[PDB]
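For what it's worth, the working numbering labels the leading residue of the sequence shown as 245, then goes sequentially.
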Amino acid sequence: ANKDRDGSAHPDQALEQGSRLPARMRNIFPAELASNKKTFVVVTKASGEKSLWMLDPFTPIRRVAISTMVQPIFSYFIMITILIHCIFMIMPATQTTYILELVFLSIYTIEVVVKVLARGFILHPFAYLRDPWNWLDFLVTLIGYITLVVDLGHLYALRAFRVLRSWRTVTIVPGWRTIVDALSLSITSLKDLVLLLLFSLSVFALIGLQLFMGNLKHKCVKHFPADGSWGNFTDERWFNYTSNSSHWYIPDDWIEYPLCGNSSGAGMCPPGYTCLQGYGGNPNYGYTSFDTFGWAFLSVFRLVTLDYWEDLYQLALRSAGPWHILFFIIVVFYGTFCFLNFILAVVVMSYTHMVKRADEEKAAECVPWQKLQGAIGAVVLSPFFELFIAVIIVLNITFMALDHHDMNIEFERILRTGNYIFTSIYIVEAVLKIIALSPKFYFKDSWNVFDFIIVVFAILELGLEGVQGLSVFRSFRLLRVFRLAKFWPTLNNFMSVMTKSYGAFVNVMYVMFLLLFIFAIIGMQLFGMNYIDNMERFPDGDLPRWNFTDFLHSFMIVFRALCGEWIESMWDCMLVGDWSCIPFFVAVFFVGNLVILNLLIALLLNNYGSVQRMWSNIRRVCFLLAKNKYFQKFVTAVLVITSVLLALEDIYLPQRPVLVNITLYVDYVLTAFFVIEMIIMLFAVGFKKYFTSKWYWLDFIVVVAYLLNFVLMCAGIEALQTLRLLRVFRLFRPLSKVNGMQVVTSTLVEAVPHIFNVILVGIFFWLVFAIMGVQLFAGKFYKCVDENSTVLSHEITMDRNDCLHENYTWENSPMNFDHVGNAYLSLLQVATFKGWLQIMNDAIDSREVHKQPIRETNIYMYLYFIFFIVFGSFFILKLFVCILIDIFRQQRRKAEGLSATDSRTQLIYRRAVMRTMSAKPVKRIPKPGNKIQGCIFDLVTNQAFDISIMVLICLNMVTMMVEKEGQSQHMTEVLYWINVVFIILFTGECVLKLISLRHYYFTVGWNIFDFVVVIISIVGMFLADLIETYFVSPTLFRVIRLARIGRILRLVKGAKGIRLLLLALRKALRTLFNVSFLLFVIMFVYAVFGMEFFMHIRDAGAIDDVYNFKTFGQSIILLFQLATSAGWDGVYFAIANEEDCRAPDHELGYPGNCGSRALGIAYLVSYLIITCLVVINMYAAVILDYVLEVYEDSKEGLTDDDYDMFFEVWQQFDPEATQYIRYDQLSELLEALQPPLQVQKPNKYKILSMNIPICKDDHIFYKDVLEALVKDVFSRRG
Ligand SMILES: C[C@@H]1CC[C@]2(OC1)O[C@@H]1[C@@H](O)[C@H]3[C@H]4CC[C@@H]5C[C@H](O[C@@H]6O[C@H](CO)[C@@H](O[C@@H]7O[C@@H](CO)[C@@H](O)[C@H](O[C@H]8OC[C@@H](O)[C@H](O)[C@@H]8O)[C@@H]7O[C@H]7O[C@@H](CO)[C@H](O)[C@@H](O[C@@H]8O[C@H](CO)[C@H](O)[C@@H](O)[C@@H]8O)[C@@H]7O)[C@H](O)[C@H]6O)[C@@H](O)C[C@]5(C)[C@H]4CC[C@@]3(C)[C@H]1[C@@H]2C
Ligand SMILES: *[C@@H]1O[C@H](CO)[C@@H](O)[C@H](O[C@@H]2O[C@H](CO)[C@@H](O)[C@H](O[C@@H]3O[C@H](CO[C@@H]4O[C@H](CO)[C@@H](O)[C@H](O)[C@@H]4O)[C@@H](O)[C@H](O[C@@H]4O[C@H](CO)[C@@H](O)[C@H](O)[C@@H]4O)[C@@H]3O)[C@H]2NC(C)=O)[C@H]1NC(C)=O
Ligand SMILES: CC(C)CCC[C@@H](C)[C@H]1CC[C@H]2[C@@H]3CC=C4C[C@@H](OC(=O)CCC(=O)O)CC[C@]4(C)[C@@H]3CC[C@]12C
Ligand SMILES: *[C@@H]1O[C@H](CO)[C@@H](O[C@@H]2O[C@H](CO)[C@@H](O)[C@H](O)[C@H]2NC(C)=O)[C@H](O)[C@H]1NC(C)=O
Ligand SMILES: *[C@@H]1O[C@H](CO)[C@@H](O[C@@H]2O[C@H](CO)[C@@H](O)[C@H](O)[C@H]2NC(C)=O)[C@H](O)[C@H]1NC(C)=O
Ligand SMILES: *[C@@H]1O[C@H](CO)[C@@H](O)[C@H](O)[C@H]1NC(C)=O
Ligand SMILES: *[C@@H]1O[C@H](CO)[C@@H](O)[C@H](O)[C@H]1NC(C)=O
Ligand SMILES: *[C@@H]1O[C@H](CO)[C@@H](O)[C@H](O)[C@H]1NC(C)=O
């Protein structure tokens, strides 16, 4: 439609496009319309469409107006002034800077007056401004105006929103258009799933409001008033007593009250108190309870977004009882592992659709001197020397990464002389290679300059510390390590593929930093002041470590909200300002993580992807038995049933004295069974085809283990435990043959060799960061602490000597940077966002060795963790997902037939043509037997009845959103008697529909679901009499009624996008189930191996007599939490303690009570890889592969709807029985369909065109017509 404006409609005015001004006019003042400097613009082609048809350029001021409109320097002047304006904005206040702000305000007004006067009188300021840049540059300056003629008139909440001028600068760095519009399209498409997200959060909050209505208030109160002192009343004064807070139970120096509950297996708080309900107070200042709708919405959004959820988990389970985890699973599997990936799918799709246009457009275009020169040349490029220098730089990397903290003098001199030797050989062989060849081709390789640079640095480091320069170049000494890039092929490829496609990364990083800069300034101006005026509602009257007071702290808190954690800062904000802290943080999370970080993942994904007789007879008979189905079912069943029994080996096994005997008998018969079946199959398959096979080696290892364990009776030594648990692993062999677990195991076992390569590259980069973290922080982190765990401030203990003066102990903090090992550990803590606060605090405060740290100095050393986290967590750990998506796609394809040589486009046509086998039509039987009884259906099928019902659903869903704890007595009865009206109306309506069309009621799924739901409602309304004849317990009446919630999810019916996404989710369910199955078997293995190592532990950190490893149930209660790497710092600090232990005695009542450290490090770091990074991402891979396919099927091919909405015609366009037509109505049949499968009425020549085989005289079968239409629409669109 470009010719429309390139025509007599409303002509152009002028253009520049690089040094030529061809003006367009009213055609009666023609000048420069050719298309000598201009006919080269043709050559330049071999832009400002002004749209000013309002009035005339008659050489008024409008001339110079246009002349300055498009100009090389105007926009540049504006942009430089914006940059300097914001860099003044960064510093809070200054006297008389006010008048400067007046200049910076009045530049923009001349900028807008010229840009407007050059474009009309008033009329087109109504038509053409639809480009939003002008909207921005207009609204913000009008805000600047209104702020200046009110004189601080109690409105400082909008003087901040001027900073979003600076977005205008995103267009200064090249290659910026193919990213911005990507965000635009992603938002414009993400709307559709926003709707479903909203509805689903709502129904989950409604479910949670029923099960947990006001039990997070439970407290522990002393038994009775007393027998004595408090009096004699034992009546209403009782209520005066049990409300005086000062005898609720707080252990010591806490500020939260522990929760009790009195179900089975939770709380039971002291002996001497009792667990009372409903005495004021909620955890976290009163922002957590489920006791009304809004707070339930907040907590369920907190669960879905997967942020600091271990707190709510532990609270809810402490209160109600462990079975309640059957709730959390449902909101995690559906909301976080299966819904927050619809967003990833949408963003990836939009980005890969916007990159294609751009890239296709780009792709559419002394003589012995030289004698010994040859000699040394022979002795330089010889392959000896590359080997030699590679080995020497490896030994250099080794000698530059020891650096203990104390480091005895021998290490000192050793490392010194080593550095000397290494710099010497570097310099000498570099210079002799200089004199070996090419005194000037040398600087012509773009790779040897690096060596000269590092040599210069080594030399100057040798010098200026030989003089009194303190820390001159030992930092740049690190740069050796990157020289190890000529030798690895993997690392060389990883480097090249980024170094020669790099505009995208720069642009994305710039957008990211600019966005959170904008947010930081808005914050510093908006909340700001409230942290100093009030300043005392906090616990101990002092600014928390994270606050909006200076620019730096503000930047940091918005960054911390971007990386994933946004809730623990919302409480503080909302504690000093009543509201307007919720939209801010929810927005900075939503346009933060979920959009930009998903855009980054969408960018690493298209750049990095005679007795012999009976000898033979026995062989034959074992061969015959070994393959019978029943024997295989038997062995599988015996494995499963002897494995499940391995669970109930918990604490107080001895107190059940019969179990020990039965389990010993079981393991005896087990070792017999194993050794027998090995003989059987060993005669069966044959020797040499039994050791080279992978699976059978598992059986060999387990049988040799059971053998070595059995013979340990002649020695009388008791059977060692860790061997008799190797039984679990055989459980992996049958698992691999469930119908639909070929894809998952095949893709894992093919993905492994890439996982390992990425692990290696990550090890390398983290080494580069750690051997610097050591020299920056090693030796600090010490602190002087009293008998308690508190730090003497600054003057009671200035440095170490004073700390040892009066016996104040001199403690160390656990996570520190002494070795290189602890560096890896603490960095793995920083880069998974768990327990990364104490490290940053102690790293901020480190002043200098042997001296007490000050509360906040050395603050600029945040920049270490930011540059580490951008290059170690948004870039590497997000690369594991980008190798399971590709591999899963390839494996599904190559495992469902469908040969892999068809180029991604004819597969759509294939699925379309394949869809044409389930095409049976049908007709509704019209009308019942006699008139009035049948006169009911005549309207039940109408556009104003189901719509007249789908409002009752919404009204009912509102009347369930009012309940709250503390309802006055009258309210509950009116709600009760208002439910019955609906519960009878629904069944009345359903029975009318059913008695209308007498039979045939069950040909649709929705009718079946409605019938089931309504009978469930009508029986649940009665069974609400759970009182007076059955156990009167809250946690059963509170669940039996949930049935009423079923009749509201009927609301999703009818919307087409909210049906397309659900079709996508349903088309991939067996595979998703199988992935969850594998995750649970892994959790079972780890639970069993845990119940043995970590059963007796000293309570510390995060092990609180309800979340220990003692029994099986609590073991899974803990491991389901650790599966998402939520709170592993506490569990690690608890199981890896090795101080005061009371080591076992092996003499009487054998205790444990300390654990260890080796298999503490080796038990978690191998559970944050098998689970947190390799399976939880397979969820995303599967659902992304299915959603992307259903979209690209809808937008181009034929959707699942088109066929049945085609069938609507021919459903009530011909009768039921015969599937035939006689060629006449056929014609205007193509006038009763819809644009996808139809052509307009001039079709008789096309009906002549297509060859639909006329069958019997005048019967036309349908598949012919429909196939013709399918290939016709594929011909028209393509
Ligand atoms: C491939 C990788 C990628 C990642 C990346 O690496 C490569 O890794 C690097 C990361 O790790 C980053 C940082 C590391 C290197 C830089 C370190 C630099 O430290 C500076 O220097 C001091 C650290 O030694 C600190 O300030 C000192 O604080 C005390 C020491 O603990 C004082 O003792 C001292 O004063 C002077 O003592 C004598 C001299 O020998 C010293 O030279 C020093 O100058 C200074 O104090 C000064 O600094 C402030 C805080 O102390 C106060 O304003 C004030 O201090 C007080 O004033 C008194 C007199 O004035 C006296 O000093 C002292 O008693 C008082 O405390 C004073 O002005 C403070 O850290 C800062 O100054 C800091 O800035 C961050 C930095 C730039 C960052 C730039 C480079 C990175 C981003 C990263 C780099 C891309
Ligand atoms: C298990 O968890 C339950 C829910 O989570 C929880 O209800 C239950 O807590 C307590 O269990 C004990 C059982 O030992 C039970 O006694 C407690 O309830 C009693 O409530 C009485 C109500 O008195 C009211 O007083 C107000 C004053 O305004 C009045 O208006 C009311 O009409 C009502 O009378 C208390 O009076 C009572 O105190 C006792 O009352 C006895 C009767 O006279 C008397 O003989 C005693 O000496 C004493 O005076 C109890 O508080 C129950 N808590 C509540 C809130 O009901 C918990 N149980 C266990 C075992 O864990
Ligand atoms: C996902 C599918 C394919 C696997 C089916 C089993 C699982 C869903 C797991 C995870 C949640 C588990 C349940 C959570 C609740 C309970 C009760 C609890 O066990 C107790 O000891 C309860 C205490 C008591 O009531 O005496 C902890 C484990 C257990 C048995 C369950 C163990 C097995 C479950 C059903
Ligand atoms: C328990 O009863 C006592 C007296 O019956 C209450 O003490 C009174 O508390 C009010 C609170 O404002 C004071 O104004 C009165 O002066 C107090 N009485 C006397 C005699 O001084 C006590 O408040 C009751 N318990 C609770 C929790 O309110
Ligand atoms: C909660 O109990 C404490 C302890 O009895 C009460 O403290 C008493 O306060 C009154 C005056 O306020 C004194 O006369 C008593 O001597 C105090 N008791 C003791 C043991 O010293 C406290 O007042 C109670 N809470 C409320 C709200 O009254
Ligand atoms: C408590 O009240 C009862 C009510 O009759 C009274 O008999 C009793 O003496 C009172 N308690 C004391 C210690 O006097
Ligand atoms: C630890 O704190 C307590 C207060 O809870 C106080 O007795 C003292 O400061 C410390 N205790 C001891 C025994 O020193
Ligand atoms: C602190 O103790 C060290 C011990 O080596 C000593 O050398 C130093 O002089 C002492 N300084 C002060 C101020 O006590």
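Beta carbons are placed, not taken as given, at the ideal position from N, Cα and C, and that holds for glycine.
- Three or more beta-carbon pairs under 8 Å between the stretch 1281-1295 and the stretch 444-458, yes or no? yes
- Query: Which one of 766, 334, 384, 800 has the shortest CA to CA distance from residue 356?
  - Reply: By one-based count along the sequence shown, residue 356 stands at place 112. The candidate whose alpha carbon is nearest that of residue 356 is 384.
- Task: Can you give me the start and stop residues for the beta strand (DSSP E) that residue 880 sits inside?
- Result: Here residue 880 refers to the residue found at position 636 when the sequence shown is read from its first residue. Run containing residue 880: none in the beta strand (DSSP E); it sits in the alpha helix (DSSP H), 873-888.
- Message: Under 8 Å: do the stretch 282-295 and the stretch 254-272 share three or more Cβ pairs, one atom per stretch?
- Response: yes
- Message: By alpha-carbon positions, which one of 508, 484, 510, 462 ends up nearest to residue 493?
- Response: Against the sequence shown, residue 493 aligns to sequence position 249. The candidate whose alpha carbon is nearest that of residue 493 is 462.
- Message: Taking the beta carbon of residue 249 as the centre, do at least 16 other beta carbons fall within 10 Å, making it buried, or is it exposed?
- Response: The count along the sequence shown starts at 1 and reaches residue 249 at position 5. Exposed, by the Cβ-count rule.
- Task: Drop a sphere of 10 angstroms on the beta-carbon of residue 1177, count the other beta-carbons inside from all chains shown, and report buried for 16 or more, exposed for fewer.
- Result: Against the sequence shown, residue 1177 aligns to sequence position 933. Flag for residue 1177 reads exposed.
- Query: Helix, strand or coil for residue 1043 per DSSP?
  - Reply: Within the sequence shown, numbered from 1, the residue matching residue 1043 stands at position 799. Strand.
- Tell me whether residue 445 is buried or exposed, calling it buried when 16 or more other Cβ atoms sit within 10 Å of its Cβ. For the purposes of this step, residue 445 is taken as the residue at position 201 of the sequence shown. Its Cβ being crowded by 16 or more others within 10 Å, residue 445 is buried.
- Quick one: grab the DSSP three-state call for residue 517. The residue you call residue 517 lines up with position 273 of the sequence shown. The answer is strand: DSSP assigns residue 517 an E or B state.
- Message: Is residue 851 near ligand 8 - that is, is its Cβ less than 7 Å away from at least one heavy atom of it?
- Response: Against the sequence shown, residue 851 aligns to sequence position 607. Outside the cutoff, so no.
- Query: Heavy atom of ligand 1 less than 7 Å from the Cβ of residue 1071, yes or no?
  - Reply: Reading the sequence shown from its first residue, position 827 is the one you call residue 1071. Residue 1071: no, Cβ never under 7 Å from ligand 1.
- Task: Determine the direct distance from the alpha carbon of residue 673 to that of residue 682, and round the result to whole angstroms.
- Result: The residue given as residue 682 occupies position 438 in the sequence shown. The residue given as residue 673 occupies position 429 in the sequence shown. Their backbone Cα atoms lie some 15 Å apart in a straight line.
- Message: Out of 1114, 1282, 1056, which one is the CA nearest neighbour of residue 1025?
- Response: Counting from one through the sequence shown, the residue named residue 1025 turns up at place 781. Among 1114, 1282, 1056, the Cα nearest to that of residue 1025 is on 1056.
- Between the Cα of residue 565 and the Cα atoms of 455, 755, 1411, which residue gives the shortest distance? Counted from its first residue, the sequence shown places residue 565 at position 321. Ranking 455, 755, 1411 by Cα distance to residue 565 puts 455 first.
- Query: Does the separation of the CB atoms of residue 418 and residue 747 fall below 8 Å?
  - Reply: Within the sequence shown, numbered from 1, the residue matching residue 418 stands at position 174. Within the sequence shown, numbered from 1, the residue matching residue 747 stands at position 503. A contact, by the Cβ cut-off of 8 Å.
- Whose CA, out of 1168, 1195, 1266, lies closest to the CA of residue 1245? Position 1001 of the sequence shown, counted from the start, is the residue given in the question as residue 1245. It is 1168 whose Cα lies nearest to the Cα of residue 1245.
- Query: Is any heavy atom of ligand 4 found at a distance shorter than 7 Å from the C-beta of residue 487?
  - Reply: Counting from 1 along the sequence shown, the entry for residue 487 is found at position 243. Because some heavy atom of ligand 4 lies under 7 Å away, the Cβ of residue 487 counts as near it: yes.
- Is DSSP giving residue 866 helix, strand or coil here? Translated into positions along the sequence shown, residue 866 becomes position 622. Helix.
- Assuming residue 379 contacts residue 373 (C-beta within less than 8 Å), just tell me the rounded distance between them. Taking the first residue of the sequence shown as position 1, residue 379 is located at position 135. Taking the first residue of the sequence shown as position 1, residue 373 is located at position 129. Confirmed, about 7 Å.
- Message: Tell me the DSSP secondary structure of residue 465 in three-state form.
- Response: Walking along the sequence shown from the start, residue 465 turns up at place 221. If DSSP states are grouped into helix, strand and coil, residue 465 belongs with the strands.
- Query: Which residue from 555, 541, 560 puts its Cα closest to that of residue 509?
  - Reply: On the sequence shown, residue 509 is found 265 positions in, with the first residue counted as 1. Cα-wise, what sits closest to residue 509 is 560.
- Item | Touch test, the stretch 509-522 against the stretch 548-558, Cβ-Cβ under 8 Å, three pairs minimum | no
- Item | Environment of residue 336 [buried if 16+ CB atoms lie within 10 Å] | Taking the first residue of the sequence shown as position 1, residue 336 is located at position 92. It is exposed - the Cβ of residue 336 has fewer than 16 other Cβ atoms within 10 Å.
- With respect to the alpha helix (DSSP H) encompassing residue 783, which residues constitute its N-terminal and C-terminal limits? In the sequence shown, residue 783 corresponds to position 539, counting from 1. Premise fails: residue 783 is in no alpha helix (DSSP H) and is neither H nor E.
- Query: Are the C-beta atoms of residue 1314 and some chain B residue less than 8 Å apart?
  - Reply: Given the protein chain composition of this structure (a single chain), no chain B is represented.
- Query: Span of the alpha helix (DSSP H) holding residue 1010?
  - Reply: Your numbering for residue 1010 matches position 766 in the sequence shown. 986-1021 is the span of the alpha helix (DSSP H), which, as asked, contains residue 1010.
- Counted within 10 angstroms of its Cβ, other Cβ atoms place residue 952 as buried (16 or more) or exposed: Numbered from 1 along the sequence shown, position 708 holds the residue referred to as residue 952. Exposed, by the Cβ-count rule.
- Message: Closer than 7 Å to a non-hydrogen atom of ligand 1 - does that hold for the CB of residue 1009?
- Response: The sequence position of residue 1009 within the sequence shown is 765, counting from 1. No, the beta carbon of residue 1009 sits no closer than 7 Å to any heavy atom of ligand 1.
- Message: Rounded to the nearest angstrom, what separates residue 253 and residue 274 at their Cα positions?
- Response: For the purposes of this step, residue 253 is taken as the residue at position 9 of the sequence shown. For the purposes of this step, residue 274 is taken as the residue at position 30 of the sequence shown. Distance between the alpha carbons of residue 253 and residue 274: 17 Å.
- Buried or exposed (CB count within 10 angstroms, at least 16 for buried), residue 1129: Along the sequence shown, one-based indexing puts residue 1129 at 885. Buried: at least 16 other Cβ atoms inside 10 Å.
- Where does residue 1055 sit, in a helix, a strand or coil, going by DSSP? Along the sequence shown, one-based indexing puts residue 1055 at 811. Strand.
- Message: Could you compute how far the alpha carbon of residue 1503 sits from the alpha carbon of residue 874?
- Response: Stepping through the sequence shown from its first residue, residue 1503 is reached at position 1259. Stepping through the sequence shown from its first residue, residue 874 is reached at position 630. Using only the alpha carbons, I get a separation of about 54 Å.
- Task: Could you tell me the distance, in whole angstroms, from the CA atom of residue 364 to the CA atom of residue 439?
- Result: For the purposes of this step, residue 364 is identified with residue 120 of the sequence shown, where counting begins at 1. For the purposes of this step, residue 439 is identified with residue 195 of the sequence shown, where counting begins at 1. Those two C-alpha atoms are separated by around 41 Å.
- Please confirm whether any heavy atom of ligand 7 lies closer than 7 Å to the CB of residue 784. Residue numbering aside, residue 784 sits at position 540 when the sequence shown is read from its first letter. Not under cutoff, so the answer is no.
- Please specify which runs of the alpha helix (DSSP H), each continuous and at least 4 residues long, are wholly inside the stretch 356-392, giving them in chain order. 376-390
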